[PDB]
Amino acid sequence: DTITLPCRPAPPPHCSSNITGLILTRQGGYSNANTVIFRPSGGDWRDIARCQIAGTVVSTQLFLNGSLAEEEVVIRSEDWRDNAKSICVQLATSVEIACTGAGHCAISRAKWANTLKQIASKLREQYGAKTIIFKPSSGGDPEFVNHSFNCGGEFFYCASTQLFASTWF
């Protein structure tokens, strides 16, 4: 199907990009129910800038039109044991995000689920867990609680809730 993200304002069709990566925060606390939760990054521009996969377009949560991985999805972090350091996820296959111009951007549900499954598999091996849950943003200012990006001198804010709501065993 199709996951449609509401954006304000309406991005023109030429602002369609490829998702080349994303940046996540590992949820703290215990639980210890053999599951590890992840949300889009609760950090700021320092977290984004130090992933070194961005490209020319300034964006949050998702990397648009950036560097792609060589073969497999590759995850990195300055310190896996510090839930205050973000986890840079570099994709090997980009996921196109098509802006219609009506006030929403659409991505293929199938392509996104397959990307998440590969991200979960790489996350599962790094934290030695069994279940990986993606949850929406914990909150924050509009540029960071939304997937926000720069295109043609205008700034756009898109709700990313529908992109981070799955469980993977």
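The first residue of the shown sequence is 1; numbering continues from there.
> For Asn32, do at least a third of the other compared PDB entries give no atomic coordinates?
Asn32: unmodelled in at least a third of the other compared entries.
> Higher average CA B factor in the deposited record is what I'm after, so tell me if that's 30-38 or 114-122.
Between 30-38 and 114-122, it is 30-38.
> Could you check the entry and say whether 69-77 or 83-91 has the higher mean CA B-factor?
The deposited B-factors put 69-77 ahead on the C-alpha mean.
> I'd like to know which of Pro136, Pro142, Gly103, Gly43 has the highest C-alpha temperature factor in the PDB entry.
Spelled out: the listed residue with the top C-alpha B-factor is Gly103.
> Highest Cα temperature factor in the entry, among the options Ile19, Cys158, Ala10, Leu24: which one is it?
Across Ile19, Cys158, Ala10, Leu24, the entry lists the biggest C-alpha B-factor for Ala10.
> In terms of the CA temperature factor given in the entry, to which third of its chain does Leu64 belong: lowest, middle or highest?
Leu64: CA B-factor falls in the lowest third of its chain.
> Using the temperature factors of the C-alpha atoms in this entry, rank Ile48 within its chain: lowest, middle or highest third.
As the PDB entry reports it, the C-alpha B-factor of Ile48 lands in the lowest third of its chain.
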